[PDB]
Amino acid sequence: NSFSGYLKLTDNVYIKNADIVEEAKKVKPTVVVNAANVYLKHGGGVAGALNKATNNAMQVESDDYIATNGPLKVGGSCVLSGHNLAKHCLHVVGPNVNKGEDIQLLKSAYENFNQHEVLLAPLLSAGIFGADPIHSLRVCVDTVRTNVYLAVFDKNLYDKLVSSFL
Ligand SMILES: O=C(O)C1=C(c2ccc3nccnc3c2)CCC1
């Protein structure tokens, strides 16, 4: 968990402008969080980038998980291998508010982080899921109590989050 160059936002939330894939390779954290969908189909965004970095090993494992256990629910999670990126990958489903999924489930999604002492993660429900990323950072800060290191790819978004917060 050799996190470097993070800005401390609260006693347990840290933020950096970085590619989460590169952070996972440099740090080899105990847990990397995936911004997943209920069928664990890692087609784009952060999910597609993490899967690509494992050379599809994450997708083959995810398919076997779904055949045995069924899909997750919105607001839920499962722990699978982190492959070459981490000891574990915590797959978490935030609501896709553009498909009518309730924004109240974004608190349930962040609650899954509390089963892990330290996590490297993206903001949930940002990008294609449609939630406002600054609102997602506020829910993370209010809900997560363990130590979370957030990676934000886009520098324009990172500066907006740091300005709104501090
Ligand atoms: O900074 C982020 O967590 C966000 C996104 C991201 C991040 C890394 C990605 N890497 C490759 C392709 N697409 C990506 C999208 C999309 C929404 C916010």
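We're numbering straight along the sequence, starting at 1. Indexing begins at 1, ligand by ligand and atom by atom, following the structure's order.
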Quiz item: Nearest protein heavy atom to atom 12 (C) of ligand 1, by residue and atom, and its distance?
Solution: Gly45 O, 3.9 Å
Quiz item: With a cut-off of 4.0 Å, which atoms of ligand 1 are near a heavy atom of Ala49?
Solution: 10 (N), 11 (C)
Quiz prompt | Shortest protein heavy-atom distance from atom 18 (C) of ligand 1, along with the residue and atom involved | solution = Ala126 CB, 4.1 Å
Practice problem: For atom 5 (C) of ligand 1, state which one of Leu150, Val46, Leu50 supplies the nearest heavy atom. | Solution: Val46
Exercise. Any chance you could measure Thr30, atom OG1, to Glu117, atom CD, to the nearest 0.5 Å?
Key: 10.0 Å
Quiz item: Any side-chain donor paired with an acceptor under 3.5 Å for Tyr39 and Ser62?
Solution: no
Quiz item: What protein heavy atom sits nearest atom 16 (C) of ligand 1, and how far off is it?
Solution: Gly127 CA, 4.3 Å
Self-check item: Donor-acceptor pair, side chain of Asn69 and main chain of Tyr65, under 3.5 angstrom
Solution: yes
Practice problem: Can you confirm whether something in the protein, heavy atoms only, sits under 4.0 Å from atom 7 (C) of ligand 1? | Solution: yes
Practice problem: Compute the shortest N/O to N/O distance between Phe153 and ligand 1 and return yes if it is under 3.5 Å, no if not. | Solution: yes
Quiz item: At what distance, to the nearest 0.5 angstrom, does CZ of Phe153 lie from CD1 of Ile20?
Solution: 11.5 Å
Self-check item: Test item: side-chain donor near acceptor, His88 and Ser81, under 3.5 Å
Solution: no
Practice problem: Could you label the plane-to-plane angle of the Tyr149 and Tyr6 rings as parallel, tilted or perpendicular, counting under 30° as parallel and over 60° as perpendicular? | Solution: perpendicular
